[PDB]
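Q: I'd like to ask you about the structure that follows.
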Amino acid sequence: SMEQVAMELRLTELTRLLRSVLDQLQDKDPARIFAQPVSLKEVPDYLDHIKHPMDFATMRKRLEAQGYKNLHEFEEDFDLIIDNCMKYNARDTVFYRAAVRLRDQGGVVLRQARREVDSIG
């Protein structure tokens, strides 16, 4: 149908906007602490701690499969990255501190993205 196509154009454009958001969030992690999944070879007990692991490469795979329906779903995945880290790692670690800084710096980007998504529909 003509509608399904219209729908698919909006998804593609959402994907386009979310790709830019993702790049902006990932620049706020210059140490690349959150770039890839926590290695289960190097942290064999990780899944006993964190039930829903997340990282930027995993989000990108979902993004490029047009797997995010709205910004809320995308934010859920970003929030997992941060919250998983803040639980697994203690307060006095480079990892916990990296997550706090990502959360704080990402807030600005996510604020404007919500306005853009509402604005452009």
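Naming works like this for the structure tokens: A, B, ... for the chains as they're shown, residue 1 at the start of each chain, ligands 1 onward in shown order.
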Write out as a list in words which residues come within 10 Å of segment 37-45 of chain A when counting only C-alpha atoms, dropping same-chain ones fewer than 3 positions away.

A: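 Near neighbours after the sequence-gap exclusion: residues 33, 34, 48, 49, 50, 53, 54, 55, 56, 57, 58, 81 and 85 of chain A.
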
Q: Just want the 8 Å neighbourhood of segment 61-68 of chain A, counted on only C-alpha atoms, with same-chain residues fewer than 4 positions away dropped. Output as an mmCIF file with N, CA, C and O atoms, in the first residue's frame.

A:
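Final output, saved to around-v5.cif:
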data_model
loop_
_atom_site.group_PDB
_atom_site.id
_atom_site.type_symbol
_atom_site.label_atom_id
_atom_site.label_comp_id
_atom_site.auth_asym_id
_atom_site.auth_seq_id
_atom_site.Cartn_x
_atom_site.Cartn_y
_atom_site.Cartn_z
ATOM 1 N N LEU A 11 9.804 5.748 9.530
ATOM 2 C CA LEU A 11 10.795 4.871 10.176
ATOM 3 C C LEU A 11 12.241 5.111 9.699
ATOM 4 O O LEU A 11 13.180 5.155 10.523
ATOM 5 N N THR A 12 12.417 5.299 8.396
ATOM 6 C CA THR A 12 13.721 5.486 7.817
ATOM 7 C C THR A 12 14.257 6.820 8.260
ATOM 8 O O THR A 12 15.470 6.986 8.488
ATOM 9 N N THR A 15 15.184 6.532 11.884
ATOM 10 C CA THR A 15 16.449 5.813 11.895
ATOM 11 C C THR A 15 17.570 6.746 11.589
ATOM 12 O O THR A 15 18.625 6.654 12.242
ATOM 13 N N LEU A 18 17.920 9.035 14.766
ATOM 14 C CA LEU A 18 18.547 8.192 15.821
ATOM 15 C C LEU A 18 20.008 7.829 15.540
ATOM 16 O O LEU A 18 20.812 7.755 16.479
ATOM 17 N N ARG A 19 20.386 7.630 14.276
ATOM 18 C CA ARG A 19 21.800 7.441 13.937
ATOM 19 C C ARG A 19 22.637 8.640 14.355
ATOM 20 O O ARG A 19 23.716 8.460 14.891
ATOM 21 N N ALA A 57 27.692 -0.908 20.239
ATOM 22 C CA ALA A 57 27.708 -1.722 18.992
ATOM 23 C C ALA A 57 26.380 -2.502 18.815
ATOM 24 O O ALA A 57 25.808 -2.609 17.714
ATOM 25 N N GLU A 73 12.143 3.632 23.032
ATOM 26 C CA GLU A 73 12.860 2.335 22.956
ATOM 27 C C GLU A 73 14.411 2.506 22.910
ATOM 28 O O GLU A 73 15.134 1.715 23.501
ATOM 29 N N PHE A 74 14.864 3.505 22.196
ATOM 30 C CA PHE A 74 16.254 3.866 22.030
ATOM 31 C C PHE A 74 16.803 4.369 23.341
ATOM 32 O O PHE A 74 17.847 3.928 23.768
#

Q: Name the closest residue to residue 22 of chain A among the candidates A:59, A:46, A:119, A:102; distances are taken between atoms, counting only C-alpha atoms.

A: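 The closest residue to residue 22 of chain A is A:59.
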
Q: For segment 6-105 of chain A versus segment 113-117 of chain A, which residues have an atom no more than 12 Å away, and what is each residue's nearest atom pair and distance in Å rounded to one decimal, using only C-alpha atoms, chain-then-number order, as a Markdown table?

A:
| residue | atom | partner | partner_atom | distance |
| --- | --- | --- | --- | --- |
| A:10 | CA | A:117 | CA | 10.6 |
| A:11 | CA | A:117 | CA | 11.3 |
| A:13 | CA | A:117 | CA | 10.0 |
| A:14 | CA | A:117 | CA | 7.7 |
| A:15 | CA | A:117 | CA | 11.0 |
| A:16 | CA | A:117 | CA | 11.3 |
| A:17 | CA | A:113 | CA | 8.0 |
| A:18 | CA | A:113 | CA | 8.2 |
| A:19 | CA | A:113 | CA | 11.1 |
| A:20 | CA | A:113 | CA | 9.5 |
| A:21 | CA | A:113 | CA | 7.1 |
| A:22 | CA | A:113 | CA | 10.5 |
| A:24 | CA | A:113 | CA | 10.7 |
| A:25 | CA | A:113 | CA | 11.3 |
| A:69 | CA | A:117 | CA | 11.7 |
| A:70 | CA | A:117 | CA | 8.6 |
| A:71 | CA | A:114 | CA | 7.2 |
| A:72 | CA | A:114 | CA | 9.0 |
| A:74 | CA | A:113 | CA | 11.1 |
| A:75 | CA | A:114 | CA | 10.1 |

Q: What would the file look like if the residues just selected were written as a PDB file, in the first residue's frame with N, CA and C atoms?

A:
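See selection.pdb below for the written result:
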ATOM      1  N   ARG A  10       8.876   7.323   7.212  1.00  0.00           N
ATOM      2  CA  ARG A  10       8.967   7.885   8.615  1.00  0.00           C
ATOM      3  C   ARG A  10       9.962   7.071   9.476  1.00  0.00           C
ATOM      4  N   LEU A  11       9.804   5.748   9.530  1.00  0.00           N
ATOM      5  CA  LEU A  11      10.795   4.871  10.176  1.00  0.00           C
ATOM      6  C   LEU A  11      12.241   5.111   9.699  1.00  0.00           C
ATOM      7  N   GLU A  13      13.376   7.808   8.321  1.00  0.00           N
ATOM      8  CA  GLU A  13      13.815   9.119   8.755  1.00  0.00           C
ATOM      9  C   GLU A  13      14.102   9.122  10.286  1.00  0.00           C
ATOM     10  N   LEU A  14      13.320   8.362  11.050  1.00  0.00           N
ATOM     11  CA  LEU A  14      13.556   8.204  12.519  1.00  0.00           C
ATOM     12  C   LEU A  14      14.912   7.545  12.724  1.00  0.00           C
ATOM     13  N   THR A  15      15.184   6.532  11.884  1.00  0.00           N
ATOM     14  CA  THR A  15      16.449   5.813  11.895  1.00  0.00           C
ATOM     15  C   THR A  15      17.570   6.746  11.589  1.00  0.00           C
ATOM     16  N   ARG A  16      17.347   7.683  10.653  1.00  0.00           N
ATOM     17  CA  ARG A  16      18.325   8.680  10.280  1.00  0.00           C
ATOM     18  C   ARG A  16      18.623   9.623  11.439  1.00  0.00           C
ATOM     19  N   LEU A  17      17.568  10.090  12.102  1.00  0.00           N
ATOM     20  CA  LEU A  17      17.726  10.984  13.268  1.00  0.00           C
ATOM     21  C   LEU A  17      18.406  10.239  14.467  1.00  0.00           C
ATOM     22  N   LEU A  18      17.920   9.035  14.766  1.00  0.00           N
ATOM     23  CA  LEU A  18      18.547   8.192  15.821  1.00  0.00           C
ATOM     24  C   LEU A  18      20.008   7.829  15.540  1.00  0.00           C
ATOM     25  N   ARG A  19      20.386   7.630  14.276  1.00  0.00           N
ATOM     26  CA  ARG A  19      21.800   7.441  13.937  1.00  0.00           C
ATOM     27  C   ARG A  19      22.637   8.640  14.355  1.00  0.00           C
ATOM     28  N   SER A  20      22.165   9.856  14.073  1.00  0.00           N
ATOM     29  CA  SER A  20      22.862  11.070  14.473  1.00  0.00           C
ATOM     30  C   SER A  20      22.939  11.201  16.029  1.00  0.00           C
ATOM     31  N   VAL A  21      21.813  10.955  16.696  1.00  0.00           N
ATOM     32  CA  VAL A  21      21.771  10.907  18.180  1.00  0.00           C
ATOM     33  C   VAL A  21      22.803   9.895  18.690  1.00  0.00           C
ATOM     34  N   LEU A  22      22.838   8.714  18.100  1.00  0.00           N
ATOM     35  CA  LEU A  22      23.772   7.697  18.597  1.00  0.00           C
ATOM     36  C   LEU A  22      25.213   8.146  18.455  1.00  0.00           C
ATOM     37  N   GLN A  24      26.352  11.249  18.394  1.00  0.00           N
ATOM     38  CA  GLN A  24      26.551  12.274  19.417  1.00  0.00           C
ATOM     39  C   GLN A  24      26.757  11.679  20.824  1.00  0.00           C
ATOM     40  N   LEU A  25      25.996  10.643  21.155  1.00  0.00           N
ATOM     41  CA  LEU A  25      26.150  10.000  22.497  1.00  0.00           C
ATOM     42  C   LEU A  25      27.469   9.254  22.583  1.00  0.00           C
ATOM     43  N   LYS A  69      11.401   1.504  17.100  1.00  0.00           N
ATOM     44  CA  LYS A  69      10.089   2.092  16.656  1.00  0.00           C
ATOM     45  C   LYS A  69       9.867   3.561  17.022  1.00  0.00           C
ATOM     46  N   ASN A  70      10.411   3.977  18.166  1.00  0.00           N
ATOM     47  CA  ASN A  70      10.284   5.348  18.664  1.00  0.00           C
ATOM     48  C   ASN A  70      11.536   5.676  19.519  1.00  0.00           C
ATOM     49  N   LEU A  71      11.739   6.945  19.855  1.00  0.00           N
ATOM     50  CA  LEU A  71      12.821   7.376  20.746  1.00  0.00           C
ATOM     51  C   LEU A  71      12.802   6.706  22.122  1.00  0.00           C
ATOM     52  N   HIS A  72      11.633   6.430  22.682  1.00  0.00           N
ATOM     53  CA  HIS A  72      11.535   5.780  24.026  1.00  0.00           C
ATOM     54  C   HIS A  72      12.316   4.456  24.061  1.00  0.00           C
ATOM     55  N   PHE A  74      14.864   3.505  22.196  1.00  0.00           N
ATOM     56  CA  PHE A  74      16.254   3.866  22.030  1.00  0.00           C
ATOM     57  C   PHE A  74      16.803   4.369  23.341  1.00  0.00           C
ATOM     58  N   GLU A  75      16.084   5.247  24.003  1.00  0.00           N
ATOM     59  CA  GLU A  75      16.498   5.711  25.323  1.00  0.00           C
ATOM     60  C   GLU A  75      16.568   4.596  26.353  1.00  0.00           C
TER      61      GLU A  75
END

Q: Expressed in Å to a single decimal, how great is the separation between atom CA of residue 118 of chain A and atom CA of residue 103 of chain A?

A: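 Between these atoms lies a distance of 21.9 Å.
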
Q: Find the residues near residue 83 of chain A: any atom within 9 Å, counting only C-alpha atoms, skip ones fewer than 5 places away on the same chain, and give them as a VMD selection string.

A: chain A and resid 78 88 99

Q: Among segment 31-74 of chain A, which residues does DSSP mark as helix (DSSP H, G or I) when it is run on the backbone? Keep the chain and numbering as in the structure and answer as a ChimeraX atom specification.

A: /A:46-49,56-64,71-74

Q: Name all residues at most 10 Å from residue 27 of chain A (count only C-alpha atoms; drop same-chain ones fewer than 4 positions away) and give them as a PDB file with N, CA, C and O atoms, in the first residue's frame.

A:
ATOM      1  N   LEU A  22      22.838   8.714  18.100  1.00  0.00           N
ATOM      2  CA  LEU A  22      23.772   7.697  18.597  1.00  0.00           C
ATOM      3  C   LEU A  22      25.213   8.146  18.455  1.00  0.00           C
ATOM      4  O   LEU A  22      26.055   7.919  19.363  1.00  0.00           O
ATOM      5  N   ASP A  23      25.524   8.819  17.335  1.00  0.00           N
ATOM      6  CA  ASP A  23      26.891   9.284  17.104  1.00  0.00           C
ATOM      7  C   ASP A  23      27.268  10.335  18.110  1.00  0.00           C
ATOM      8  O   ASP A  23      28.341  10.247  18.695  1.00  0.00           O
ATOM      9  N   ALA A  31      36.799   7.297  25.748  1.00  0.00           N
ATOM     10  CA  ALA A  31      37.592   6.155  26.194  1.00  0.00           C
ATOM     11  C   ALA A  31      37.098   4.809  25.602  1.00  0.00           C
ATOM     12  O   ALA A  31      37.741   3.812  25.698  1.00  0.00           O
ATOM     13  N   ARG A  32      35.930   4.814  24.982  1.00  0.00           N
ATOM     14  CA  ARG A  32      35.315   3.628  24.380  1.00  0.00           C
ATOM     15  C   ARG A  32      34.979   2.512  25.380  1.00  0.00           C
ATOM     16  O   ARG A  32      34.979   1.326  25.034  1.00  0.00           O
ATOM     17  N   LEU A 102      28.734  10.183  30.944  1.00  0.00           N
ATOM     18  CA  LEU A 102      27.888   9.885  29.776  1.00  0.00           C
ATOM     19  C   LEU A 102      26.436  10.240  29.959  1.00  0.00           C
ATOM     20  O   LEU A 102      25.812  10.877  29.044  1.00  0.00           O
ATOM     21  N   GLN A 105      26.280  14.223  30.139  1.00  0.00           N
ATOM     22  CA  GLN A 105      26.493  14.801  28.818  1.00  0.00           C
ATOM     23  C   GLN A 105      25.449  14.381  27.788  1.00  0.00           C
ATOM     24  O   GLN A 105      25.121  15.167  26.894  1.00  0.00           O
ATOM     25  N   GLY A 106      24.914  13.177  27.920  1.00  0.00           N
ATOM     26  CA  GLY A 106      23.926  12.667  26.962  1.00  0.00           C
ATOM     27  C   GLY A 106      22.584  13.341  27.135  1.00  0.00           C
ATOM     28  O   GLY A 106      21.803  13.404  26.181  1.00  0.00           O
TER      29      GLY A 106
END

Q: Separation of atom CA of residue 84 of chain A and atom CA of residue 112 of chain A, in Å?

A: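 Atom CA of residue 112 of chain A lies at a distance of 24.5 Å from atom CA of residue 84 of chain A.
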
Q: Can you measure atom CA of residue 104 of chain A to atom CA of residue 76 of chain A for me? One decimal in Å is fine.

A: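 So the two atoms, atom CA of residue 104 of chain A and atom CA of residue 76 of chain A, lie 15.7 Å apart.
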